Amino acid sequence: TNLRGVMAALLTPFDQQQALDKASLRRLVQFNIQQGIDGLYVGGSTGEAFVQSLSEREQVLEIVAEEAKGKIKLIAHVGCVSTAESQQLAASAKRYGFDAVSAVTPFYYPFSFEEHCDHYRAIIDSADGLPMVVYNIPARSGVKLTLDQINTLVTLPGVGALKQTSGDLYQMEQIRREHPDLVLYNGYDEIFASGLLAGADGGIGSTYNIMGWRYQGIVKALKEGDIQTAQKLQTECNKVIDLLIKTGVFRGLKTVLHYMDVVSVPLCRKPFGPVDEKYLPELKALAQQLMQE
């Protein structure tokens, strides 16, 4: 029932025709489980949910539950701009046995804060008992929540956690101060160590798919007062992030996983383009060093 921890934001493998690569998805789930990951955040931004249809997202949720249910925590990101579509995914997540649901603040169209609250309330209702993880990512959603609005969201009945994908660590601390028991996930992998120090008690990130144990290592180092190890691991994580940002994050991660024999075809769906070939050697070298870890 404890949602605290390090949860990888699962990527969605696609085959040559851009259809779901089921075999690769199953391999990826098993791969994450073997890294000692606490759970999987499925169908989020990282899973390329916004370039998938509802039935495609459901298929991914169903398959992941099959592979991981009862082995690790499973959080289903069911967010869509539409409340109705989000509720359908929420209902499916409950049906498949997920531990919790999550929804990004609905975007593109401007919605009032009250409309955002009602959107979450409606999804929580359809989640039929699964706790909700509010997902705040201003840089992508364009939705800028105030601390006060955040306080209201995380106290909504049915909400059990906040995925804070914001680099504002003053706000991270304020949220922790206001909610001592809240499950608070750091969302920007590149500041994970600093985010934990500011108050997060876990994290959800796309890079956990290829080096989740490093983040688990940061949590442990900070708990043990081993600052140096925490800083060294974060630095190694950031060297990797530097590269992934240059290559394109999702495509870069899938390419590394391809060289790790997990993903058959490392492509993202259009309009994402392929990785620039000039980066393949660094991505292959990265996969090699990670495998030897």
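Each residue number is its position in the shown sequence, starting from 1.
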Tell me which stretch, 232-240 or 263-271, has the higher mean Cα B-factor listed in the entry. 263-271
With B-factors read from the PDB entry, the higher C-alpha mean of 77-85 and 148-156 is in 148-156
From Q30, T46, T255, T247, the top C-alpha temperature factor is at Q30
What's the residue among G202, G129, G217, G199 with the greatest CA temperature factor in the PDB record? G129
Ranked C-alpha temperature factor of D118 among modelled chain residues, by third: middle
Entry-reported C-alpha B-factor of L283 relative to its chain, by third, is lowest
Ranked C-alpha temperature factor of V42 among modelled chain residues, by third: lowest
Compared with the other modelled residues in the chain, in which third is the CA B-factor of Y188? lowest
Per the entry's values, where does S141 land by CA temperature factor relative to the rest of its chain, in the lowest, middle or highest third? highest
